[PDB]
Amino acid sequence: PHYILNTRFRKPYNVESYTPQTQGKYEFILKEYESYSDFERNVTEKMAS
Amino acid sequence: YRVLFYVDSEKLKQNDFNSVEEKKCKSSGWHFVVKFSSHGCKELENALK
């Protein structure tokens, strides 16, 4: 007899053991980045004679 | 059931404003033996953002 999730299974002659394992790990890496830059140059010159 | 959260929020804002304004006006007048007239005007404006 072999039981997996309330279901009766068969172990063949070549397989030693087939056991469901939980083994769960997930990683989630999010990146956010912004850069701003501004430049302004007003120049005015007047001459009268 | 382990969890591992990390949040590193960073916000930087820099603003620079500079304004320069210069104006000069000169006038000279002389009337006697001979009429003489002189006028001078100078204007300068500079702005940086």
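Those protein sequences? They're chains C and D, same order as listed.
Taking the authors' numbering, the leading residue of the first sequence gets 148, the next gets one more, and so forth.
Taking the authors' numbering, the leading residue of the second sequence gets 313, the next gets one more, and so forth.
We treat Cβ as the ideally placed atom computed from N, Cα and C, and that holds for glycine.
CB of residue i within 8 Å of CB of residue j, strictly
i	j	result
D320(D)	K361(D)	no
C353(D)	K193(C)	yes
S340(D)	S350(D)	yes
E333(D)	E357(D)	yes
Interface partners of residue i on chain C, CB under 9 Å
i	result
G352(D)	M194, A195, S196
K361(D)	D185, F186, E187, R188, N189
Beta-bridge pairing of residue i - partner residues as DSSP gives them
i	result
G352(D)	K338(D)
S331(D)	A359(D)
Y150(C)	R155(C)
The beta strand (DSSP E) enclosing residue i, as first and last residue numbers
i	result
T191(C)	188-195
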